[PDB]
C-alpha cells in the first residue's frame, strides 16, 4: 500500500515531486482498477497542487460525498449522472491542504447493505466490505495513499479489516457531514483509509489543523481493555484467531491487557441502533422512498419497507437508551486507555453470498461516537483479519498512537 506519511517526508525534503507522486497514483490505479473496480470515476487528468502538506497526495472519495467537478451518484441508479454544485466541506479540507481529488470510489447504495461490484484486493472472489467498498479496496490494492469513506450501520473499520488497510472513524462530528448524503443524522460519520496509523494521523492533521494530530508517536505500555461484545454473539474462528494474536503481540510489547465486560447500558445501546437508524432514514430518504421506491436497491428497499411503522415514541425511547450508553461507556474509560475488539465477524465473505459482511461488531461504536482504528493483524486463507482500537470520545490521537503501537508490536 502507499504510505501518505512516507510520500510527505520525501516530497518535503524534495526527493519526490508532487507531480511525480500524483503520476504514481494514476499508474497504481491503472494497474489494478480493471480487476478491482474500486472507482466509480477515475479523473485521469487530476493533477498535483504546488503547495500544502498534502501536495502530491492522491485521495479517493466514497461516492455519497459531494464533489463539484465529478458526479456524485450515491451508489444508486436514482442519482445516475447527478452533479453536485459544490464540494463537501470534507473535500475542501483536503483540497485546502493541497491534496488532489483523484476520483470517486464505489459505495453501497445510500451507504446501506446492497453490494457494489468492487472486489477484494486480496482475493477478487471476496467482498471488500461496505459501505465504502471502493475506498477500502483502492487503498488495499496500493492504488492511492488515502481515501474518505462513511458509515452508518457499520464502520469504515470493517471494509478496512477485510482489505487489510488501516482506517479510522474519528470522534463523531469532528469531520463535518455537510455534503454527505444522509442516511441517519444521528449515525452518519466520515472516516479515513490509509496504509498505517501514522498516515491517518498526518491526514487528519492536514484536514482539521488540530494540534492533537501533530507530533503523534507510538504509545508505550498501553492499558488495553479487551471486550468481545458478547451482545453481538460469538465471532467466526478467523476473527478470534486475530484477536488472540493481537493480545499476545501487545503483551509481548509491554502492554497490560485485561478482559472487560461492557455495562448493561452499553449492551442496550447496541440493541436499539437499528431503531434510530431506520426511523431517521425514513425521514432522510423520504423523497427517494415516496417518489422512487422501486428504484431503491433491494436490500435497502426491504429494510425500509419493514420499518415504515416505527413510531416517534419508540424512537425517542431508543435515543434515551443511546445517551445512557454513552455516559456509562465513558465510565469504562476511567480504568483503561483503549479498548481492543473485533473489526468484523471474520474474513471477508465470498462475493457469491451477496453480502458486505455483518456490521454487528461495528454499529455500537458508530452510535457512541468513539474514535476507532483498524489494525491489520494476520491473514487466513489469504484473507486479512484485523482488530480495532477504541478510545474515549475526543481521544482520537490516543487511538492512533495505540494503534501505531499495536502495529509495531505485531511486526515484533
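Numbering follows the first chain given and starts at 1.
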item: Residue stretch of maximal mean CA temperature factor, 194-202 vs 238-246; value: 238-246
item: Of 57-65 and 34-42, the one with larger mean CA B-factor; value: 34-42
item: Identity of residue with top Cα B-factor, from 114, 317, 278, 87; value: 317
item: Selection by C-alpha B-factor (highest) of 164, 71, 222, 154; value: 222
item: Assigned third (lowest, middle, highest) for the C-alpha B factor of residue 76; value: middle
item: Relative C-alpha B-factor of residue 100, binned into the chain's lowest, middle or highest third; value: lowest
item: Residue 188 CA temperature factor, ranked by third within the chain; value: lowest
item: B-factor third for the C-alpha atom of residue 333 within its chain; value: highest
item: Chain-wide C-alpha B factor ranking for residue 252, given as lowest, middle or highest third; value: highest
